[PDB]
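Residue strings, one per chain:
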Amino acid sequence: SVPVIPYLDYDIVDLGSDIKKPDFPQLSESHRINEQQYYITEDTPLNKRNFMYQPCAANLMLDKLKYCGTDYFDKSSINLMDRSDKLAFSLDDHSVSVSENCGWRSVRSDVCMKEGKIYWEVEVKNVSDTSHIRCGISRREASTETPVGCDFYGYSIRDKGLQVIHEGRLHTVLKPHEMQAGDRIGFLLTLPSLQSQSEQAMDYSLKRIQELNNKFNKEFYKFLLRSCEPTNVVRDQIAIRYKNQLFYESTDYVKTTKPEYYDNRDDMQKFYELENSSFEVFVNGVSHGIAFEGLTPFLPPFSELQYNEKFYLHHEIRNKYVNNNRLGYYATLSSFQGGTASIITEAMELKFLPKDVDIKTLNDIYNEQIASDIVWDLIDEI
Amino acid sequence: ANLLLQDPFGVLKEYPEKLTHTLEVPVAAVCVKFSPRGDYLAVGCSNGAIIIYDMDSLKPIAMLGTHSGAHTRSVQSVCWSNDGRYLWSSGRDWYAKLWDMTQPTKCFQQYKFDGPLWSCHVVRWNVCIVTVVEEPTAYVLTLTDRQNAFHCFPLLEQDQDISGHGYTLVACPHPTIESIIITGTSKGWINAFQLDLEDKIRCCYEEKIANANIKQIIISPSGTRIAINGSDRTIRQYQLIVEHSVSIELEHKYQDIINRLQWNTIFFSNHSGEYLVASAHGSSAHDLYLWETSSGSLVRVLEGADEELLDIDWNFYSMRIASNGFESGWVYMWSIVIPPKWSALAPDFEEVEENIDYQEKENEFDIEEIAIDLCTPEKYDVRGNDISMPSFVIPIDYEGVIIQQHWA
């Protein structure tokens, strides 16, 4: 219903120019802590109104699509889209740092955790009695304004004693220990396989179409939920010119209630929990146990993307319960009142690296995100 | 007085600015005088009444002068005893009726004088200084142990003639000495006679300030400042020093520069006289003035009424200004008007006036044998007053209340 937005002068690069096609994150002088000037982004968009953003690049060879999605930084790092407007980071240590008059925020790094084993460490610089941080894991659903842990879209641990955070509650289930100005936390997140994920997601799609559906029309929400595939993508990602640059708006997931399903076996409303998950933390190398084992399964039938419920029902038509390759848990970080935390990406900057062959570095799946982004859109280019 | 302890704070401002009350008294009134506590308001009237109001509902509790000793002529002045129980009232009927509220309508005792009267001023509840018309001495009316003989000692040394100094017309007893009484002649000299409460009277001060007909002399309640109201359009506040041996000096002068008008009555604040309040005389004088007695300047103007005002009373316990109408007879009243607060609704409410930047703490995302006494009443209030010396409440006329339902 809308035409493809045409290119502009800076969009057609040439061999010689060394400028970077997603226009650089313009930084702003935030404050001085840890003997370092950190910086908030000033002129690059943030994720709002239940959107996620990504700088597009005009890709000249492509015909139906005229653009490609792109990230800014070379290796894996924080995507500056799902963060807060007072959340500062410097080009020196990549530690996120809010000012002392700013509160509990959240910052997500762009690497998705979908299946397999991913491990990385997170450096912690300045955690005083007055400045705090909450490191851990979250989906794309967890609002980066609130700190991770109020909901079932993220989990983390406290700074002092590492009280494990879910539903806002503080749980002393691990070994209690406090952060200081020099620790580093490592994350053995064991995930189920995408085959095992797909069947438990398909099971709920069958267990939700009619099994509790005996609202004024229940066929079309069943029809949308027929039409509920495990790994298939429905993406509406469109190029836009914002602030004199070029970007994508991607449809984002909404908050919803707890996935409950009546198993006739044990006679109790059972919770959907992922298979064989483990949330192990390193405290300077030592292991501390499994914080959570029952991670949510999310892939079609637990994440509702943004949907026009009065436009589509009346009628060609998209679906709520889809994938968009951004679906899963992320490297999630928070900061409070000057509490600084830095994310470590590569094996060369890791000190306590366990010896598993299934472990791949944080930069690795980032490249697999680089691998997935173009070729899924090449498939959508036909 | 426990309203003001939690009213809350923000009521000490040392004047009232809004007129809140109006005693719609049909029979016009000259002098008004509050009770020593904030309870009652005596209203000296023109046709010989002395109406006495209860200040809480703006409606009278009695009008004395029914049984014995009604002021037949107009009443010029009324003072009260130190407690608030008796009441000396000097009128133009040549009598000086001392009342007792215990037996309300019946006068306690009176005395026939040499002429009409200007004022009265009560030093101890019995003794009272009364100004006889055009007499160079004031006849102090000491109510002795016997009720028939009031020794009217001349308030004058035996041979010091004040012909050329004037004629005594005002006398205000000193509060913190109580034995010196300063009296004002009619040609600018001010005599200061110290009673021994024998009758010896030392002339502690005789001096002309200006060749004017002295209208009124007032003292601060700490005796520190003394102000005079000449017949020239000037108010002369002094600085009073006494141990006896007494001495004043000209602190400041107050005058109507624009309108160049006369001053009717003047009055001082509670503690040390930080404020003077005066009522102008001429046409278009619709408002009392205020003066910062140290800086000397016109601080505020109390724009309430509609036409000239004659007498000023300031009972600091209620922080009120009663001010009688010169023309209508109506009795305007200013009052420190507190506004309510909705923070009284709940014990955790709070009334801010700015969009405050609440700063985030942590847990917004995280889910008796002490000394008890019942015996001592409080000694002071937020104004530093002499509370807990129990004032003489009015005895409601319980001899005549039983008919008082039927036909007054």
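Residues numbered from 1 in each chain as written, not as in the entry; some residues may be left out. Chains lettered and ligands numbered in written order. Part of a larger assembly, values for the part shown. Heavy atoms only, no water. Residues with missing side-chain atoms left out of burial classes, pairs and counts.

Method information in the entry identifies cryo-EM as the source of the structure, with 3.5 Å recorded as the resolution.

Under the PDB entry, the name given to chain B is Swd1, and the organism recorded is Kluyveromyces lactis. Quoted verbatim from the Subcellular location (unreviewed entry) heading of the UniProt record, the comment on chain B is "Nucleus". (UniProt positions renumbered as here; feature names shortened; annotations may be inferred.)

As annotated in the PDB entry, chain A is Bre2 from Kluyveromyces lactis. Regarding chain A, the UniProt comment filed under Subcellular location (unreviewed entry) reads as follows: "Nucleus".

Caption draft 1: View of the sheet that holds strand β17 (residues 245–251) of chain A. All names here are of chain A. The 3 strands lie next to each other as β3-β17-β16, forming an open sheet whose pairing is antiparallel. Here the strands that pair on one side only, and so sit at the sheet edges, are β3 (51–54) and β16 (238–242). The mean inter-strand angle of the sheet, taken between neighbouring strand axes irrespective of direction, is 40°. Pairing of β16 with β17, which is carried by 5 bridges, proceeds in the antiparallel orientation. Note that in β17 the partner of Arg241 across the bridge is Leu246. (Pairing = 2+ DSSP bridges. Helix = DSSP H or I, 4+ residues; strand = E, 2+ residues; numbered from the N terminus. Axes fitted to C-alpha atoms, helices over the stretch in contact; angles between N-to-C directions.)

Caption draft 2: Quick peek at the packing of aromatic side chains. Residues and elements named next belong to chain A. All chains considered together, the criterion is met by 28 aromatic pairs over all chains. When the ring of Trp104 is compared with that of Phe336, the centres are 4.4 Å apart and the planes differ by 5°; the resulting orientation is stacked. Using a relative accessible area of 2% as the deciding quantity, one classes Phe336 as buried. On the basis of an interplanar angle of 15° and a centroid distance of 5.1 Å, the ring pair of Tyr204 and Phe302 is categorised as stacked. Three or more aromatic residues joined by ring pairs make a cluster, and in this case those are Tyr155, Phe292, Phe298 and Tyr329. In this structure, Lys66 is placed above the aromatic ring of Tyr7, and the distance from its NZ or CZ to the ring centre is 5.2 Å. Seen from the ring of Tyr242, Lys243 lies directly overhead, with NZ or CZ sitting 4.9 Å from the centre. (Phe/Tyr/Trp six-rings, centres within 6.5 Å; stacked < 30°, edge-to-face > 60°. Buried < 20%, exposed > 50% of the residue type's maximum accessible area, 1.4 Å probe, protein only. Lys NZ or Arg CZ within 6 Å of the ring centre and 35° of its normal.)

Caption draft 3: Examining the interface of chain B and chain A more closely. On the side of chain A, 14 residues touch chain B, which itself brings 7 residues to the contact. Buried surface at the junction of chain B and chain A, summed over both partners, amounts to about 790 Å²; 51% is from carbon and sulfur atoms. Ranking the residues of chain B by area buried against chain A places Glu360, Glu362 and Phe365 of chain B at the top, with a combined share of 74%. There are 2 salt bridges connecting chain B and chain A. For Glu360 of chain B, the salt bridge identified is with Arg105 of chain A, shortest N-O distance 3.7 Å. Looking at side-chain class alone, the side of chain B that touches chain A contains 2 nonpolar, no polar and 5 charged residues. (Contact = heavy atoms within 4.5 Å. Buried area = accessible area lost by both parts, 1.4 Å probe. Salt bridge = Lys/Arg side-chain N within 4 Å of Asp/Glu carboxyl O. Nonpolar A, V, L, I, M, F, W, Y, C, P; charged D, E, K, R; others polar.)

Caption draft 4: Quick look at the pattern of salt bridges. Residue and element names in this part refer to chain A. Evaluation of the coordinates by the stated rule reveals 25 salt bridges over all chains. The shortest N-O distance in the salt bridge between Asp82 and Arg108 comes to 2.5 Å. Residue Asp82 is found in the loop between β5 (67–69) and β6 (87–89), and its partner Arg108 is found in strand β8 (residues 107–113); the two are separated by 26 residues along the sequence. Owing to a relative accessible area of 3%, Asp82 belongs among the buried residues under this scheme. According to the relative accessible area criterion, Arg108 is buried, its value standing at 2%. Here the residues in one salt-bridge network are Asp82, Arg108 and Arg140, joined through shared partners.

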